[PDB]
Structure formats: C-alpha cells, structure tokens
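> My structure is in my_file.cif, and what it holds is mmCIF, C-alpha atoms:
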```cif
data_coords
loop_
_atom_site.label_atom_id
_atom_site.label_comp_id
_atom_site.auth_asym_id
_atom_site.auth_seq_id
_atom_site.Cartn_x
_atom_site.Cartn_y
_atom_site.Cartn_z
CA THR A 102 168.34 105.07 145.44
CA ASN A 103 171.50 104.82 147.56
CA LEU A 104 174.80 103.21 146.68
CA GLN A 105 175.78 102.18 150.19
CA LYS A 106 177.59 99.21 151.71
CA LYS A 107 175.40 97.25 154.05
CA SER A 108 177.14 95.59 156.97
CA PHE A 109 176.39 91.90 156.57
CA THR A 110 177.10 89.44 159.32
CA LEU A 111 176.73 86.00 157.78
CA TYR A 112 177.02 82.61 159.40
CA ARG A 113 178.47 79.65 157.55
CA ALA A 114 177.20 76.38 158.97
CA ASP A 115 179.98 73.95 158.17
CA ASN A 116 182.40 72.16 160.45
CA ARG A 117 185.82 73.76 160.15
CA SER A 118 188.53 74.60 162.65
CA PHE A 119 189.56 78.27 162.80
CA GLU A 120 193.26 77.41 162.76
CA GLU A 121 192.43 74.96 159.99
CA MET A 122 190.94 77.85 158.03
CA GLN A 123 194.22 79.66 158.62
CA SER A 124 196.32 76.74 157.42
CA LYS A 125 194.29 74.67 154.96
CA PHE A 126 192.28 77.55 153.50
CA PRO A 127 194.56 80.64 153.77
CA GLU A 128 192.69 82.26 150.90
CA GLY A 129 189.18 81.76 152.17
CA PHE A 130 186.26 79.33 152.46
CA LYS A 131 186.28 76.86 149.60
CA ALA A 132 183.16 75.16 148.27
CA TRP A 133 183.12 71.55 147.06
CA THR A 134 183.84 72.93 143.62
CA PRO A 135 185.24 76.42 144.38
CA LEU A 136 185.49 79.34 141.99
CA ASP A 137 187.92 82.23 141.63
CA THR A 138 187.22 85.97 141.94
CA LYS A 139 187.09 86.08 138.14
CA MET A 140 184.55 83.27 137.97
CA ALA A 141 182.36 85.16 140.44
CA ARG A 142 181.99 88.18 138.17
CA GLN A 143 181.64 85.81 135.22
CA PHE A 144 178.69 84.26 137.04
CA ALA A 145 176.72 87.31 138.19
CA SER A 146 177.38 89.14 134.91
CA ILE A 147 174.60 87.04 133.35
CA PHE A 148 171.92 89.13 135.06
CA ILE A 149 173.00 92.31 133.29
CA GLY A 150 173.24 90.64 129.90
CA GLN A 151 176.61 88.90 129.86
CA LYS A 152 177.40 85.28 129.04
CA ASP A 153 181.06 85.14 130.03
CA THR A 154 180.45 82.04 132.16
CA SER A 155 183.68 80.45 130.96
CA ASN A 156 185.53 77.90 133.14
CA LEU A 157 182.49 77.78 135.45
CA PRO A 158 181.26 74.23 136.32
CA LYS A 159 179.28 72.46 133.62
CA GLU A 160 176.51 71.82 136.14
CA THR A 161 176.32 75.54 136.87
CA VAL A 162 176.38 76.74 133.26
CA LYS A 163 173.84 74.02 132.47
CA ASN A 164 171.41 75.79 134.77
CA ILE A 165 172.52 79.27 133.72
CA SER A 166 171.87 78.62 130.04
CA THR A 167 168.49 77.03 130.77
CA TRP A 168 167.29 80.19 132.52
CA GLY A 169 167.44 81.74 129.08
CA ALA A 170 169.17 84.86 127.82
CA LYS A 171 167.47 86.95 130.49
CA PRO A 172 168.44 85.55 133.93
CA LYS A 173 167.52 87.41 137.11
CA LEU A 174 168.29 87.01 140.82
CA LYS A 175 165.16 84.89 141.20
CA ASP A 176 166.45 82.34 138.69
CA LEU A 177 169.65 81.79 140.62
CA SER A 178 167.72 82.05 143.89
CA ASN A 179 165.56 79.12 142.77
CA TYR A 180 168.65 77.20 141.68
CA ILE A 181 170.35 77.73 145.04
CA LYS A 182 167.15 77.15 147.01
CA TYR A 183 166.59 73.72 145.46
CA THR A 184 170.26 72.79 145.14
CA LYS A 185 172.61 72.09 148.07
CA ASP A 186 174.69 69.41 146.34
CA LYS A 187 178.41 69.14 145.62
CA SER A 188 178.40 70.83 142.21
CA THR A 189 176.94 74.03 143.64
CA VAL A 190 180.03 76.31 143.45
CA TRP A 191 178.48 78.72 145.96
CA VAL A 192 179.12 79.02 149.68
CA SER A 193 175.72 79.28 151.35
CA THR A 194 175.57 81.43 154.47
CA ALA A 195 172.78 83.06 156.46
CA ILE A 196 172.23 86.52 157.93
CA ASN A 197 171.42 84.64 161.12
CA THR A 198 172.40 81.42 162.88
CA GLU A 199 169.03 79.93 162.03
CA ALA A 200 168.88 79.55 158.25
CA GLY A 201 172.49 78.41 158.20
CA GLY A 202 171.49 74.77 158.47
CA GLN A 203 173.72 73.28 161.15
CA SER A 204 174.32 69.60 160.52
CA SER A 205 174.05 68.37 164.11
CA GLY A 206 175.70 71.31 165.83
CA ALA A 207 177.93 72.07 162.87
CA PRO A 208 180.23 74.97 163.83
CA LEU A 209 179.02 78.34 162.64
CA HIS A 210 181.46 80.90 161.30
CA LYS A 211 180.93 84.63 161.58
CA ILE A 212 181.49 86.21 158.19
CA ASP A 213 181.61 89.98 158.52
CA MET A 214 181.42 92.11 155.37
CA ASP A 215 180.18 95.42 154.02
CA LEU A 216 178.35 94.63 150.82
CA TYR A 217 176.17 96.65 148.48
CA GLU A 218 172.61 95.41 148.15
CA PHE A 219 171.63 95.30 144.47
CA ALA A 220 168.70 94.25 142.33
CA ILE A 221 168.35 93.62 138.62
CA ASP A 222 165.77 95.63 136.70
CA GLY A 223 165.72 95.25 132.94
CA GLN A 224 169.19 93.73 133.29
CA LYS A 225 170.35 96.86 135.08
CA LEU A 226 172.17 96.80 138.41
CA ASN A 227 170.16 98.96 140.83
CA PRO A 228 170.87 99.30 144.59
CA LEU A 229 168.21 98.30 147.13
CA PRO A 230 168.15 100.99 149.88
CA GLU A 231 164.52 100.09 150.55
CA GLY A 232 165.08 96.54 151.76
CA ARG A 233 166.99 93.27 151.54
CA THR A 234 164.60 91.61 149.10
CA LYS A 235 161.13 92.03 147.62
CA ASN A 236 159.37 88.63 147.51
CA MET A 237 160.35 87.40 144.02
CA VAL A 238 163.19 89.92 143.81
CA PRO A 239 166.29 88.72 145.72
CA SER A 240 169.35 90.92 146.14
CA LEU A 241 172.78 90.68 144.57
CA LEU A 242 175.49 91.49 147.09
CA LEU A 243 178.64 93.09 145.75
CA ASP A 244 181.71 94.43 147.54
CA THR A 245 182.22 96.78 144.63
CA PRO A 246 179.35 98.78 142.97
CA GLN A 247 179.83 96.91 139.68
CA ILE A 248 179.85 93.14 139.09
CA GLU A 249 183.01 92.93 136.97
CA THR A 250 184.82 95.17 139.45
CA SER A 251 183.73 93.35 142.60
CA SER A 252 185.87 90.72 144.31
CA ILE A 253 183.00 89.50 146.49
CA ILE A 254 179.72 88.47 144.91
CA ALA A 255 176.81 86.79 146.67
CA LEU A 256 173.21 85.97 145.84
CA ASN A 257 171.07 86.92 148.81
CA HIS A 258 167.56 85.57 149.08
CA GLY A 259 165.21 85.07 151.98
CA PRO A 260 162.59 86.74 154.13
CA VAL A 261 163.59 90.02 155.82
CA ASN A 262 165.69 88.61 158.68
CA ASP A 263 166.14 85.07 157.43
CA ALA A 264 168.07 86.06 154.34
CA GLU A 265 170.25 83.32 152.88
CA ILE A 266 173.41 84.79 151.41
CA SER A 267 174.91 82.42 148.87
CA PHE A 268 178.43 83.58 148.07
CA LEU A 269 179.36 83.06 144.43
CA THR A 270 182.93 83.69 145.50
CA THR A 271 185.56 82.17 147.76
CA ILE A 272 184.82 83.93 151.05
CA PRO A 273 187.99 85.90 151.95
CA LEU A 274 189.82 84.57 155.00
CA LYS A 275 190.08 88.20 156.11
CA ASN A 276 186.33 88.35 156.70
CA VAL A 277 186.04 85.18 158.77
CA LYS A 278 185.61 85.96 162.44
CA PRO A 279 185.41 83.46 165.34
CA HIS A 280 182.08 82.22 166.68
CA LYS A 281 181.13 80.47 169.94
#
```
If you took the structure in this file and wrote it as structure tokens, what would it be?

Amino acid sequence: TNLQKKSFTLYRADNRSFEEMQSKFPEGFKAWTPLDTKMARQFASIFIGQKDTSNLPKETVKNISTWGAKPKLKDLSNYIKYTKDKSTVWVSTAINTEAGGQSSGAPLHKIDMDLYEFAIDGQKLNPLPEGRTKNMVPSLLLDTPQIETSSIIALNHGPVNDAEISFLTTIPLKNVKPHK
C-alpha cells in the first residue's frame, strides 16, 4: 500500500460569487448546516470505531447511530447518495463538472487539493493506491494520514471518473480556485 496524497480537482456546483467567497465566506465553503474541523474528525472517526459525534447535527447522528456500531464508507455513501437536503452537513463536490449537479447553469467552483485516498477494513484506515473506489467500498479522503489529525475530511464515492467527493468539512477558502 502507499500513503500518498492524490491531487483532487473537485467541482462544487453551487451559485456563489468568487469575491463573495472572499468576503462572506473567508474561512471556506459553508454548507446549510456547516461543521468545524473538529466536527469533521468527530464524524469520520466512527468508521475506525469511535463515537465522538458530539455537537454534530441531530439529523446526522440519527443516521450515524442507525448504521450500528460498525459504520463503513458505504454507510455514509448511501446516506449522502440518498440525501441532498438542508440538514446534510457535507459539501458535495465532484471529481468532474458532470456529477456536480448544476442547478440550471449553477456556477462551478474548482476545488484543488492533495488528499490521501483511504478505505476502512475491519475499522482500520488503509490507503487505496489501487484505485479511487471498489464498487461497495468508497474512499475516505484525508488531508492528513489520520482522521483525528486531518483538517480536511471527505467521503468520496462514485464510479472511477465520476467520483462524488462529499466534504465532511468546511472547504478551505485557500483551495478554491476560479472556474469559467
């Protein structure tokens, strides 16, 4: 296996002005119900056998607890796949401008990061040098090799090139780059 940062170029389909992102959202992209760096690691920690989902939205923990005591990427992948509502907490992006879901020409934003591709096996965090996902095994994207040490956490699930990267963290305003 290889612990290596993969260069992810994600596209957030959501109407926002770039200067507005500079002014109104100087920290980063905010979801309807946004979560802090801490809450991100509190979220993803569940997959490796942690239940420190404190302060996280009741709607989110509702789903988290109903996955059982052994949640995997697939469980959250399902949650995110079937849920695009307000109480989502995540910022859904795509590794292409296709799966972004542009609401009538909704401006795409180029998120540019270098994230580790991980998978959960027996509640262990293992890197995925082989691919981006394996059918029922989505990838956990971390900026730092360990969940509780990472400031950027995202749940990536898709096909090979149509991967949907759902950030479980406020996307840093340093990683947002202009798009057409």
> Which residues are near residue A:150? Cut-off 8 Å, only C-alpha atoms, ignore same chain within fewer than 2 positions. Put them as number ranges by chain.
A: 146-148, 152, 170-171, 224
> Could you list the residues chosen by the PyMOL selection byres ((chain A and resi 276) around 6) in this structure as number ranges by chain?
A: 212-213, 273-275, 277
> List the spatial neighbours of stretch 130-139 of chain A as a PDB file with C-alpha atoms, in the coordinates of the input - criterion: any atom at most 9 Å away, only C-alpha atoms, same-chain residues fewer than 6 positions off excluded.

```
ATOM      1  CA  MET A 122     190.940  77.850 158.030  1.00  0.00           C
ATOM      2  CA  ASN A 156     185.530  77.900 133.140  1.00  0.00           C
ATOM      3  CA  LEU A 157     182.490  77.780 135.450  1.00  0.00           C
ATOM      4  CA  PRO A 158     181.260  74.230 136.320  1.00  0.00           C
ATOM      5  CA  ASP A 186     174.690  69.410 146.340  1.00  0.00           C
ATOM      6  CA  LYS A 187     178.410  69.140 145.620  1.00  0.00           C
ATOM      7  CA  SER A 188     178.400  70.830 142.210  1.00  0.00           C
ATOM      8  CA  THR A 189     176.940  74.030 143.640  1.00  0.00           C
ATOM      9  CA  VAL A 190     180.030  76.310 143.450  1.00  0.00           C
ATOM     10  CA  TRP A 191     178.480  78.720 145.960  1.00  0.00           C
ATOM     11  CA  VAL A 192     179.120  79.020 149.680  1.00  0.00           C
ATOM     12  CA  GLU A 249     183.010  92.930 136.970  1.00  0.00           C
ATOM     13  CA  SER A 251     183.730  93.350 142.600  1.00  0.00           C
ATOM     14  CA  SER A 252     185.870  90.720 144.310  1.00  0.00           C
ATOM     15  CA  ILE A 253     183.000  89.500 146.490  1.00  0.00           C
ATOM     16  CA  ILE A 254     179.720  88.470 144.910  1.00  0.00           C
ATOM     17  CA  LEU A 269     179.360  83.060 144.430  1.00  0.00           C
ATOM     18  CA  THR A 270     182.930  83.690 145.500  1.00  0.00           C
ATOM     19  CA  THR A 271     185.560  82.170 147.760  1.00  0.00           C
ATOM     20  CA  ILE A 272     184.820  83.930 151.050  1.00  0.00           C
ATOM     21  CA  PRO A 273     187.990  85.900 151.950  1.00  0.00           C
ATOM     22  CA  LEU A 274     189.820  84.570 155.000  1.00  0.00           C
ATOM     23  CA  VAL A 277     186.040  85.180 158.770  1.00  0.00           C
TER      24      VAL A 277
END
```
> Could you produce a table of the residues of stretch 134-205 of chain A lying within 6 Å of stretch 262-266 of chain A, with the nearest pair of atoms per residue and their separation in Å rounded to one decimal, using only C-alpha atoms, ordered by chain and increasing residue number, as JSON lines?

```
{"residue": "A:193", "atom": "CA", "partner": "A:266", "partner_atom": "CA", "distance": 6.0}
{"residue": "A:194", "atom": "CA", "partner": "A:266", "partner_atom": "CA", "distance": 5.0}
{"residue": "A:195", "atom": "CA", "partner": "A:265", "partner_atom": "CA", "distance": 4.4}
{"residue": "A:196", "atom": "CA", "partner": "A:264", "partner_atom": "CA", "distance": 5.5}
```
> Would you please work out which residue, of A:161, A:141, A:278, A:109, is nearest to residue A:210 when using all atoms listed in the file?
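Checking each candidate against residue A:210, we get A:278 as the closest.
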> I'd like the interatomic distance between atom CA of residue A:223 and atom CA of residue A:165, to a tenth of an Å.
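Pair atom CA of residue A:223 / atom CA of residue A:165 returns 17.4 Å.
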> Around the point (178.4, 99.2, 151.4) in the file's coordinates, collect all residues with an atom within 8 Å, using all atoms listed in the file, and return them as a PyMOL selection string.
chain A and resi 104-108+215-218+244
> Using all atoms listed in the file, pick whichever of A:250, A:151, A:208, A:229 has the shortest atom-to-atom distance to residue A:119.
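Using all atoms listed in the file, residue A:119 sits closest to A:208.
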> Could you tell me which residues the PyMOL selection byres ((chain A and resi 236) around 10) returns for this structure, as a PDB file with C-alpha atoms, keeping the file's coordinate frame?

```pdb
ATOM      1  CA  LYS A 175     165.160  84.890 141.200  1.00  0.00           C
ATOM      2  CA  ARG A 233     166.990  93.270 151.540  1.00  0.00           C
ATOM      3  CA  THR A 234     164.600  91.610 149.100  1.00  0.00           C
ATOM      4  CA  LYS A 235     161.130  92.030 147.620  1.00  0.00           C
ATOM      5  CA  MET A 237     160.350  87.400 144.020  1.00  0.00           C
ATOM      6  CA  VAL A 238     163.190  89.920 143.810  1.00  0.00           C
ATOM      7  CA  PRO A 239     166.290  88.720 145.720  1.00  0.00           C
ATOM      8  CA  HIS A 258     167.560  85.570 149.080  1.00  0.00           C
ATOM      9  CA  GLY A 259     165.210  85.070 151.980  1.00  0.00           C
ATOM     10  CA  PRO A 260     162.590  86.740 154.130  1.00  0.00           C
ATOM     11  CA  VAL A 261     163.590  90.020 155.820  1.00  0.00           C
TER      12      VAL A 261
END
```
> At most 6 Å from (176.5, 80.0, 162.3), file frame, all atoms listed in the file: which residues, as an mmCIF file with C-alpha atoms, keeping the file's coordinate frame?

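File produced: result_16.cif:
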```
data_model
loop_
_atom_site.group_PDB
_atom_site.id
_atom_site.type_symbol
_atom_site.label_atom_id
_atom_site.label_comp_id
_atom_site.auth_asym_id
_atom_site.auth_seq_id
_atom_site.Cartn_x
_atom_site.Cartn_y
_atom_site.Cartn_z
ATOM 1 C CA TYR A 112 177.020 82.610 159.400
ATOM 2 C CA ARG A 113 178.470 79.650 157.550
ATOM 3 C CA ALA A 114 177.200 76.380 158.970
ATOM 4 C CA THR A 198 172.400 81.420 162.880
ATOM 5 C CA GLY A 201 172.490 78.410 158.200
ATOM 6 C CA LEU A 209 179.020 78.340 162.640
ATOM 7 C CA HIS A 210 181.460 80.900 161.300
#
```
> Please evaluate the PyMOL selection byres ((chain A and resi 219) around 8) against the displayed coordinates and give the resulting residues as a ChimeraX atom specification.
/A:217-218,220-221,226-229,240-243
> Given the choices A:205, A:116, A:247, A:167, which gets closest to residue A:225 if the distance is worked out from all atoms listed in the file?
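Of A:205, A:116, A:247, A:167, the one nearest residue A:225 is A:247, counting all atoms listed in the file.
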> Where's the centre, and what are the edge lengths in Å to one decimal, of a box along x, y and z enclosing all listed atoms of stretch 147-166 of chain A padded 8 Å per side, as AutoDock Vina command-line options?

```
--center_x 178.5 --center_y 82.1 --center_z 133.0 --size_x 30.1 --size_y 36.5 --size_z 23.8
```
> In Å, how far is it from atom CA of residue A:177 to atom CA of residue A:144?
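Separating atom CA of residue A:177 from atom CA of residue A:144 is a distance of 10.0 Å.
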> Leaving out residue A:204 and any residue of its chain fewer than 2 positions from it, which residues lie within 8 Å of it when counting only C-alpha atoms, given as a tab-separated table (two decimals) with C-alpha atoms, keeping the file's coordinate frame?

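Wrote selection_25.tsv, looks like this:
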```
chain	number	residue	atom	x	y	z
A	114	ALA	CA	177.20	76.38	158.97
A	115	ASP	CA	179.98	73.95	158.17
A	202	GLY	CA	171.49	74.77	158.47
A	206	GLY	CA	175.70	71.31	165.83
A	207	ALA	CA	177.93	72.07	162.87
```
> Point out the residue among A:255, A:162, A:174, A:248 with the least atom-to-atom distance to residue A:142, counting all atoms listed in the file.
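That would be A:248, the residue with the smallest distance to residue A:142.
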> For residue A:267, which residue out of A:178, A:118, A:230, A:159 is the nearest one, using all atoms listed in the file?
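The answer is A:178, which sits nearest to residue A:267.
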> Just the residues within 8 Å of residue A:155, please, counting only C-alpha atoms, with nothing from its chain fewer than 2 positions along; format it as a PyMOL selection string.
chain A and resi 140+143+153+157
> In Å, how far is it from atom CA of residue A:180 to atom CA of residue A:222?
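That distance, rounded to one decimal, is 19.3 Å.
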> Taking all atoms listed in the file into account, name the residue in A:173, A:211, A:154, A:231 that is nearest to residue A:280.
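Of A:173, A:211, A:154, A:231, the one nearest residue A:280, counting all atoms listed in the file, is A:211.
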> Save stretch 172-191 of chain A of the structure in the block above to a file, with N, CA, C and O atoms included, as a compact mmCIF listing (two decimals), in the first residue's frame.

```txt
# COMPACT_ATOMS: atom_id res chain seq x y z
N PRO A 172 -19.87 1.30 11.41
CA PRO A 172 -20.13 2.05 10.19
C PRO A 172 -18.94 2.04 9.25
O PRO A 172 -17.79 2.12 9.69
N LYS A 173 -19.21 1.94 7.96
CA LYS A 173 -18.16 1.97 6.95
C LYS A 173 -18.43 3.09 5.95
O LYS A 173 -19.43 3.79 6.06
N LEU A 174 -17.54 3.25 4.97
CA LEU A 174 -17.69 4.32 3.99
C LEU A 174 -19.00 4.16 3.24
O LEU A 174 -19.68 5.14 2.94
N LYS A 175 -19.36 2.91 2.96
CA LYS A 175 -20.58 2.60 2.22
C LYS A 175 -21.82 3.16 2.92
O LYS A 175 -22.73 3.66 2.27
N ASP A 176 -21.83 3.09 4.25
CA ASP A 176 -22.99 3.51 5.03
C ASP A 176 -23.22 5.00 4.88
O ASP A 176 -24.35 5.46 4.70
N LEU A 177 -22.13 5.76 4.94
CA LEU A 177 -22.20 7.20 4.75
C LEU A 177 -22.42 7.52 3.27
O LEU A 177 -23.12 8.47 2.93
N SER A 178 -21.83 6.71 2.40
CA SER A 178 -22.01 6.86 0.96
C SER A 178 -23.49 6.77 0.60
O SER A 178 -24.00 7.59 -0.16
N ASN A 179 -24.17 5.77 1.16
CA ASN A 179 -25.61 5.61 0.96
C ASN A 179 -26.35 6.84 1.47
O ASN A 179 -27.17 7.42 0.77
N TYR A 180 -26.03 7.23 2.70
CA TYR A 180 -26.63 8.40 3.33
C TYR A 180 -26.52 9.63 2.42
O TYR A 180 -27.51 10.29 2.14
N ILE A 181 -25.31 9.89 1.94
CA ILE A 181 -25.06 11.06 1.10
C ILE A 181 -25.70 10.91 -0.28
O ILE A 181 -26.18 11.88 -0.87
N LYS A 182 -25.73 9.68 -0.79
CA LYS A 182 -26.27 9.42 -2.11
C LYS A 182 -27.78 9.69 -2.14
O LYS A 182 -28.30 10.21 -3.12
N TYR A 183 -28.46 9.35 -1.06
CA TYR A 183 -29.91 9.48 -1.00
C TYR A 183 -30.34 10.77 -0.30
O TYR A 183 -31.54 11.07 -0.21
N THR A 184 -29.38 11.54 0.20
CA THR A 184 -29.71 12.76 0.94
C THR A 184 -28.96 13.98 0.39
O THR A 184 -27.73 14.04 0.44
N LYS A 185 -29.71 14.93 -0.14
CA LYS A 185 -29.15 16.20 -0.62
C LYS A 185 -29.92 17.37 0.00
O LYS A 185 -30.01 18.45 -0.59
N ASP A 186 -30.46 17.15 1.19
CA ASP A 186 -31.30 18.14 1.85
C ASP A 186 -30.49 19.19 2.61
O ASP A 186 -29.27 19.29 2.43
N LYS A 187 -31.17 19.97 3.43
CA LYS A 187 -30.52 21.05 4.18
C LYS A 187 -29.64 20.49 5.29
O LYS A 187 -28.47 20.87 5.42
N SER A 188 -30.20 19.58 6.08
CA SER A 188 -29.50 19.01 7.21
C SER A 188 -28.55 17.90 6.76
O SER A 188 -28.62 16.77 7.24
N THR A 189 -27.67 18.23 5.83
CA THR A 189 -26.72 17.27 5.31
C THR A 189 -25.36 17.40 5.98
O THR A 189 -24.73 16.39 6.28
N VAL A 190 -24.93 18.64 6.20
CA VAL A 190 -23.66 18.98 6.88
C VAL A 190 -22.47 18.91 5.93
O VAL A 190 -21.48 19.62 6.11
N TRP A 191 -22.58 18.09 4.89
CA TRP A 191 -21.47 17.91 3.96
C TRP A 191 -21.59 18.84 2.76
O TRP A 191 -22.67 19.30 2.40
```
